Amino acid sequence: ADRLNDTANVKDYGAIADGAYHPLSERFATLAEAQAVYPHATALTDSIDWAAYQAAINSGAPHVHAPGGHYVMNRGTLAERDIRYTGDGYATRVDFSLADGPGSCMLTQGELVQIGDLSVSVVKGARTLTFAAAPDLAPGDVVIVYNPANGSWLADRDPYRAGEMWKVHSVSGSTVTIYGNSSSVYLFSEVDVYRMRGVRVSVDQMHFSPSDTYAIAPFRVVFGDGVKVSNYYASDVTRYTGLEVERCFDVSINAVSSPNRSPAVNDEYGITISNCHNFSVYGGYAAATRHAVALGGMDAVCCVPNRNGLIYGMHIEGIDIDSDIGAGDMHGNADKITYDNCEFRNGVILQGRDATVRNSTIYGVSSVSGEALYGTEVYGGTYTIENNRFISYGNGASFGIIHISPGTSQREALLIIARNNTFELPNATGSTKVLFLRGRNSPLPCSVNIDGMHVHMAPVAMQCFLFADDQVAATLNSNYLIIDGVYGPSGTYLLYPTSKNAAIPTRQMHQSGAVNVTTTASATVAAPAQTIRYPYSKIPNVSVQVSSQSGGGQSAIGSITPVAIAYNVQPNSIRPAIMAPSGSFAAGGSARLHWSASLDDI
């Protein structure tokens, strides 16, 4: 920068910003005259507000301030360097309604360039990269490995491609020390390697409205490193999205208010994070037709998964539509994304690998089923669902309240961890399934650990706490199904048994009871069948014992030493009994028959 100023105020550069379109023709008779002031002008139709804005950026000033006003922009702006954008709050409205075509937005874009190849394959947990020749990298650069094969992350969509970003600590010869560690295997002959020298971009106290005609965010950062978004507003988001960051590293978004209100067609996102690493979204209010927070991807080099994302302390709202979908998104190109301490009105999506939601209030979508947590684009790894309060008005019948359904694209074993959750299901029926695991010709094991599943307001026996099958295959491939720490209506199966899950090892909650009996003149005195509140999927492991009715001292019953046995054991009932060693009891004696049950295959 041989720049003349450090802060550029857009109005000093000629902006009118009175909410009307003012072409350069209002001020200049010819294009040549206009270009003598604004060399970047291409036509006299170009708006004065745009010409001024781009002039301010072209000054080189690190800080570009747009004072209060309604800037009517019929072209996008471009910055390719570190920049801090500010306004006066909601009063600074930057409106791209009239802009059309690629780049119809406030775009800031860093540098991405392909570098030399690796000579050593990256393993999971690796903390160095080794190159065939000394790499063109310096401390602080971001290095990206990228697998250009379609679907190399997940086959569900071609742009779901594998790869990863790391910040560079140091370089020694041909070995690069990276911060963090590798989530995945990257074979050296399969991946291309890039260097990202990202731009540091900040936005604060500004309000944007997007193009009416072209689906693009009104403020967009590409190849950012150290991106800061605060106190950011959108309005008239009538097509696509209010904000997007793409192929960025180290992104912090807080106190945003960026609602989408577009027709439900293909996207409809409040804010959009695309192919980013080390991002945080907190302290704000997100709203949309479909996804208030959208975690997606685009189709370009280094379109690697969203990874290492923390979305927390957010109010996340959507609306009822025909094809109901959760307001908190996660597209399948996701790894190590965690929602924590959020409200979802309504619904959350867990997809990709290593997906987590904790400490949240989560509503079922307004479908017949009322699924509150849904995912199909499932890579595998661990899906963690902990300390949430779920509320649904649906029936959980065709799709579960939690519904996780991997398909042929699954790449690793899946483990679903669901611990200490509450489920408020006032419209539950005998078909309701609280957690529904449904493989769709899944190729690898899918296993479940439920521990702490408290169902509130259910008016009748439900189908089950857990439903587990494969819709296509003859059996579900799984290592275990654990169902523990449940509460709900009597008659609700722990696991609904089918031929598809009968072979899978299972652990099912311990249950117990006792019943008073009066003896008959019989060798065996069996209680009537005692109901098991939450039926097992198969005959449980049981105990039975005898005491007095009161718990006072008692040994013999009449002249008989009573021998406790399990006379009948069903998945849903038990008949404890006592037998005489020889002969028969006398009629009229008294006892209490105790029983317990569990399954513990793992």
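Each residue number is its position in the shown sequence, starting from 1.
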Stretch with higher mean Cα temperature factor, 66-74 vs 32-40, is 32-40
Mean CA B-factor: is it higher for 228-236 or for 210-218? 210-218
Taking the values straight from the PDB record, which of 174, 338, 432, 361 has the highest C-alpha temperature factor? 174
Quick one: which of 307, 81, 169, 507 has the biggest Cα B-factor according to the entry? 81
Looking at the temperature factor on the CA atom of residue 599, which third of the chain's modelled residues does it land in? lowest
Residue 152: C-alpha B-factor third of its chain, per the entry, is the middle
Is the Cα B-factor recorded for residue 259 in the lowest, middle or highest third of its chain? highest
Third of the chain's Cα B-factor distribution that residue 541 belongs to, per the entry: lowest
Would you please rank residue 113 by its C-alpha temperature factor against the other modelled residues of its chain and give the third it falls in: lowest, middle or highest? highest
